[PDB]
Amino acid sequence: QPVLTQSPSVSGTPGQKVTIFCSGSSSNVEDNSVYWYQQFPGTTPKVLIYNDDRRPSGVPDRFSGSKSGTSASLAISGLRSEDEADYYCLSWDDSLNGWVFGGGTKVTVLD
Amino acid sequence: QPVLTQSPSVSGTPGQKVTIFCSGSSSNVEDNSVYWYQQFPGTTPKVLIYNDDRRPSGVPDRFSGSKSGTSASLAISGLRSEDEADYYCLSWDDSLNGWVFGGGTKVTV
Ligand SMILES: CN1/C(=C/C=C/c2cc[n+](CCCS(=O)(=O)O)c3ccccc23)C(C)(C)c2ccccc21
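So the sequence lines, in the order shown, correspond to chains A and B.
Start counting the first sequence at 1; every next residue gets the next number (our numbering).
Start counting the second sequence at 112; every next residue gets the next number (our numbering).
Structure below.
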């Protein structure tokens, strides 16, 4: 099982602001840099957020990240159809001494 | 076992320029971004290199990374007892559809 907890699936319509969550513990999320990535089926992930809240140049400005204690979050401010994908969080874990991951949150853009 | 190949260890003495190697395949190292991190004992890892050869701000120009074909390397110019950590490469792998890692190169000064 993934050591970090993400809700498996979220829906929304274009334009809606949706935030997804990544819950960990004192020995991971709380403690350590959190990274988020976006994965479409069959292709290489795109890093959306590194070091908790930093957005690479080239990632659309509607994506932002932050960390509140044992919980990290990724906000998508104005969902687009092209945002339908699987979103993962990860960080180092002090107690397992290696990388830990959420199980991914699949975002569906409806209408 | 780690999918990328690294020397399990590499001893050295202050002053000299060491090089850590990381070999993989066309579906990982060649076709994907390589990252390097450094892990001191009981300390959170620091990324020294992203996208093959770029340094995060706050990382001494004295680490450099690069790659050719299916292998990557991190050159540590001008050692220090401070640089005594375990150094790791990683990248996405298209064939496994997942992340792959080197086994780490424990540097000794
Ligand atoms: C540790 N780690 C990872 C780190 C990724 C780090 C960074 C990814 C992208 N940028 C680019 C932003 C600058 S720019 O490109 O906008 O100029 C960075 C910049 C500075 C430091 C780190 C990064 C990934 C790869 C997430 C990963 C995956 C699996 C396990 C571990 C693991």
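C-beta: ideal position from N, C-alpha, C; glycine also.
*Any beta-carbon of chain A closer than 9 Å to the one on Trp203/B?*
yes
*asked:* Assuming the contact rule is C-beta atoms closer than 8 Å, residue 222/B and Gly180/B should be a hit. Round their C-beta distance to whole Å, please.
replied: This structure cannot speak to residue 222/B, because chain B is shown only from 112 to 220.
*Within the 9 Å Cβ cut-off, does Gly102/A reach chain B?*
Residue-level contact by beta carbon fails for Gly102/A and chain B, as no gap is shorter than 9 Å.
*Quick one: Cα of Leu190/B to Cα of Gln16/A, how far?*
Their Cα atoms are separated by approximately 52 Å.
_Distance check for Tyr87/A and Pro60/A, CA to CA, integer angstroms please._
15 Å
*Any heavy atom of ligand 1 closer than 8 Å to the CB of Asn51/A?*
yes
*Is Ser206/B near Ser138/B, with beta carbons less than 9 Å apart?*
For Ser206/B and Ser138/B, yes; Cβs fall inside 9 Å.
*Can you find a C-beta in chain B that's less than 9 Å from the C-beta of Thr105/A?*
False, the Cβ-Cβ gap to chain B never drops below 9 Å.
*Verify the contact flag: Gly102/A, CB atom, against every heavy atom of ligand 1, threshold strictly below 8 Å.*
no
*asked:* Please state whether the Cβ-Cβ distance between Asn51/A and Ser66/A is less than 9 Å.
replied: no
*Quick one: residues in its chain with C-beta nearer than 6 Å to the C-beta of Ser136/B, no 5 flanking neighbours on either side, listed in chain order?*
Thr181
_Identity of the residue in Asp111/A, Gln1/A, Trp92/A nearest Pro156/B by Cα_ = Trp92/A
*For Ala186/B, is the classification buried or exposed, using 16 other Cβ atoms within 10 angstroms of its Cβ as the cut-off for buried?*
exposed
*Among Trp99/A, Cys89/A, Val109/A, which has the Cα closest to the Cα of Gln6/A?*
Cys89/A
*DSSP on residue 102/B, reduced to helix/strand/coil?*
Missing from the structure shown is residue 102/B; chain B here goes from 112 to 220 and no further.
*In this structure, what does DSSP give as the bridge partners for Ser71/A?*
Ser23/A, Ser68/A
*asked:* Counting only beta-carbon separations shorter than 9 Å, does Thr44/A have a partner in chain B?
replied: For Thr44/A, the nearest CB of chain B lies under 9 Å from its own CB, placing it at the interface with that chain.
*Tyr50/A lies in the beta strand (DSSP E); which residues open and close that run?*
Element bounds for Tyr50/A: n/a, residue is neither H nor E.
*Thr216/B to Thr105/A, Cα distance in whole Å?*
34 Å
*Compute the minimum distance between the beta carbon of residue 142/A and the heavy atoms of ligand 1, and state whether it is under 8 Å.*
Given a span of 1 to 111 for chain A in the structure shown, any question on residue 142/A remains unanswerable.
*For the beta strand (DSSP E) that contains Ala196/B, what are its first and last residues?*
Note, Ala196/B: premise wrong, no beta strand (DSSP E); not H, not E.
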